[PDB]
Amino acid sequence: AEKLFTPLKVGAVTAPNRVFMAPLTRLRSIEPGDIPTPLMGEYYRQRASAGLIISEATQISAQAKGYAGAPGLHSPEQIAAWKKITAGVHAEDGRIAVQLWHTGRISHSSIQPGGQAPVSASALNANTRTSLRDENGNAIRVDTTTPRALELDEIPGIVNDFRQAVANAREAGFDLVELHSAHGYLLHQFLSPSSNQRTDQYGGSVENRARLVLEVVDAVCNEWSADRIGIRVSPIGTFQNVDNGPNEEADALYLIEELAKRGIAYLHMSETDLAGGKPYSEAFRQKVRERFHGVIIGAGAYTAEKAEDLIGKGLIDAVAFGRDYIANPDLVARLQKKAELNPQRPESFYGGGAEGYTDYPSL
Ligand SMILES: Cc1cc2nc3c(=O)[nH]c(=O)nc-3n(C[C@H](O)[C@H](O)[C@H](O)COP(=O)(O)O)c2cc1C
Ligand SMILES: O=[N+]([O-])/C=C/c1ccccc1O
């Protein structure tokens, strides 16, 4: 029997199905101000039949910015714009979480406050690219700037920025928040020994490496409620040159046991980047499942059939689809009916306007 189209309690909200829209950076916000737009509102409204929409990654602060065109949730103007977007999703009977990030070293000095180097756990270049805008406003890929290591006394400010962004998110009408602790961004930069060479209380042992993300979790649970908080992790494998170190499984299980103590709404596991990699072992999935007592969302080149299999095995609760949600606003109906999926147009994933954004048809 199919379970994808059955309801699921996700902390404080109830999803009517298990087909979630993964967080998808689309880089269509207004500059100056990193302001969401009515076009973005239309895009999200089109996808409101998702069991849960998880927004594009959204800055907690101006310092958090690493991509031209990515929205923020730190300014009054951003709060006002997001309020209209969440109202539109709710008018269509949807549910929407905001994914909150700090990009850390995956950034460029030209888009940082004061034109300064971005920050990270350690002063190590990401050795990758980010997306800026050229003089005509078009997306361009540019090598990342070498970061400055955060001073110990700057850490409380980072925690406060997450806390403040969650206050703002609650005000803006989001149903949940997802902390971006994956994919080589700031929280993951602290988690991974490959990017964290600190020798203070925020590096070294796994307890120290997870310290920042757990302080953030505690701060945001206190600001709102634990049943409003999810977290995305990518703790097995390599993502944007950030591996998970030489004890990745044990370190992941430590973090997950710690997260379970807070009673948070969900754990969202990004299992692979677009280039793929070794699948999660069923033993690992079992170890995660016995340790965490909230919703588990799986993501990364899923099919509906794989999601059904893992839901049936009692190992995950929901699936997040990324690219299929870019191209199929009514992905839920298509998967329910076994309809074909619209052809994807990758050239318009990042930047631009309505074309390749709001022009993918429903059935
Ligand atoms: C254009 C694009 C933007 C993405 N932006 C984000 C993001 O903002 N936050 C995030 O955690 N993952 C991001 N991802 C990863 C997706 O959430 C998803 O995990 C990935 O695309 C693999 O799932 P899929 O095979 O269903 O597309 C992005 C992926 C794509 C293709
Ligand atoms: O893992 N991915 O295939 C993409 C990740 C991603 C892409 C753009 C912005 C934030 C992200 O986490």
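For ligands, and for the atoms within them, numbers begin at 1 and follow the listed sequence. We're numbering straight along the sequence, starting at 1. As a basis for the values below, the full set of heavy atoms in this structure was taken, side chains included, without hydrogen atoms, waters or symmetry mates.
Distance check: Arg228 CZ to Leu176 CG gives 6.5 Å after rounding to the nearest 0.5 Å. Between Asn168 atom CG and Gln78 atom CD the span is 8.5 Å, to the nearest 0.5 Å.
Near ligand 1, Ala22, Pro23, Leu24, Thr25, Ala57, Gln99, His180, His183, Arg232, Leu274, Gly300, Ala301, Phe321, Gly322, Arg323, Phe349, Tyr350 each place a heavy atom less than 4.0 angstrom from the ligand. Within 4.0 Å of ligand 2, contacts by protein heavy atoms are made from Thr25, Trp101, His180, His183, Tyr185, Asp273, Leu274, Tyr350.
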Determine whether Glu223 and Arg163 satisfy the following criterion, salt bridge (charged side-chain N to carboxylate O under 4.0 Å, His left out), listing intermediate values before the conclusion. CA-CA 6 Å; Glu223 181 62 40; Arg163 182 208 58 77; 2.9 Å; yes
Report the C-alpha distance between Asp324 and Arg334 in whole Å, list the side-chain angles of each, state the deciding distance to 0.1 Å, and finish with yes or no for salt bridge (charged side-chain N to carboxylate O under 4.0 Å, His left out). CA-CA 10 Å; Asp324 291 348; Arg334 292 173 183 255; over 6 Å; no
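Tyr357 carries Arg28 over the face of its six-membered ring, with the cationic atom under 6.0 Å from the centre and within 45° of the normal.
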Sequence neighbours left out, cut at 3.5 Å: what donor-acceptor pairs do the side chains of residues 294-304 make with other protein atoms?
{"unit_1": "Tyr302", "atom_1": "OH", "unit_2": "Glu271", "atom_2": "OE2", "d": "2.7"}
{"unit_1": "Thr303", "atom_1": "OG1", "unit_2": "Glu305", "atom_2": "N", "d": "3.4"}
{"unit_1": "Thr303", "atom_1": "OG1", "unit_2": "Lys306", "atom_2": "N", "d": "3.0"}

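Residues meeting the side chain to side chain donor-acceptor pair (under 3.5 Å) test with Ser270, sequence neighbours left out: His183.
One hydrophobic cluster holds both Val98 and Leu39 under the rule that ILVMFWY side chains link at heavy-atom gaps under 4.5 Å.
Within the 6.0 Å centre-distance limit, the rings of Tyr67 and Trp101 are counted as a close aromatic pair.
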